[PDB]
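Working notes for the structure below.
No value in this document is a laboratory result; all are computed from the given coordinates. Quick reminder, even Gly has a Cβ in these numbers, built from the backbone with ideal geometry, and neighbours come from all protein chains shown.
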Ligand SMILES: [Cl-]
Ligand SMILES: [Cl-]
């Protein structure tokens, strides 16, 4: 369901691992979902069809 990765602050992207490959998606522009911290945990949720670059730690 959920595929983890790390985010790029400069690009506001999430690079997530899914089925043995890396996939680069834009994070949201939303204040509390954008990549705030370089290399922060992000997730692509394939159930909800969402990206979050502020994954709860
Ligand atoms: Cl997009
Ligand atoms: Cl999204």
Cα-Cα pairs in the chain separated by more than 16 Å, as a whole percent of all pairs, come to 28
Return 29, 8 ranked ascending by Cβ neighbour count within 10 Å, so the fewest neighbours appear first.
29, 8
